[PDB]
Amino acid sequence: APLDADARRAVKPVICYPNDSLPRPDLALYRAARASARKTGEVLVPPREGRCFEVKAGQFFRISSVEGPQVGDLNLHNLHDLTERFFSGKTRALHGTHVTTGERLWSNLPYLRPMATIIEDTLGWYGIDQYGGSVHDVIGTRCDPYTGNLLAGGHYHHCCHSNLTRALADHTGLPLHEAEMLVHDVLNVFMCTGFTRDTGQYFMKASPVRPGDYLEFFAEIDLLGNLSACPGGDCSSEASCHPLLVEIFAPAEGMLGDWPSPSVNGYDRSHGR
């Protein structure tokens, strides 16, 4: 180490995207609208499977724990343009390692707009535990068969990556391997994870989720949702798996007033050319 190592290490952090820089969603408006809302549908995702669901702009979707503790891997697309999809990396940069009430799931470049806003999180109490763990992560990618093959050999077909691929292909009619390339880094719903403080390694731990817990979103745009009930179960392994319930709710007409769906990002896309 150089002689000024201590000074270098002591230089203070600057948050990259401070909270006061972010646009503020109208959570009050969304909540009042949700109080007005009626259930319009549901999808039960069986253990170790994926299912797609559709949600219109201005509607709500809830993911609930049922039967036993189980984590879900969520993907989102613009219903009318599958290439616009959830961007966990910018969501992470804007909000942090994990997401909760008042935060947004952002779309990929060049679209970069809010796709959904979290309006309730029954595990919102969790915070950051003594190990650096929190729930609803935007730091993993998704369990996948390629990694499985790399590390253990073999071919396992019910990793979240495959579950999402099949669900997407079935819902859209896309060829399986075309649907595969639109599957993206997930929101790890109910998963309790972090980075070790001593080595910076990605860790998991038994999820604090219990039946009855839920995470609820306001759809900012028309969405195709895609959810996998992870074969890791509650991720307590050193797995017993359960379904996940998706419910859709629609507010009474007029309750959102003049609220407009967010527009796609306005950057001129010239890149200096």
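When you see a residue number, it is the position in the sequence shown, counting from 1.
The modelled chain breaks after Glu238 and resumes at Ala239, leaving 4 to 9 residues of the deposited sequence without coordinates. Of the two segments examined, 34-42 and 212-220, it is 34-42 that shows the higher average Cα temperature factor in the deposited entry. Taking the mean C-alpha B-factor of each stretch as recorded, 163-171 and 147-155 are not equal, and the higher mean is that of 147-155.
Residue set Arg142, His177, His98, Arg113: peak C-alpha B-factor at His177 (per PDB entry).
Per the PDB record, residue ranking by Cα B-factor puts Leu227 in the lowest third of the chain. In this PDB entry, the Cα temperature factor of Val246 sits in the middle third of its chain's modelled residues. In the deposited entry, the Cα temperature factor of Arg92 places it in the lowest third of its chain's modelled residues. Split the chain's modelled residues into thirds by C-alpha temperature factor. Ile63 is in the lowest one. Sort the modelled residues of the chain by CA B factor and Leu74 lands in the lowest third.
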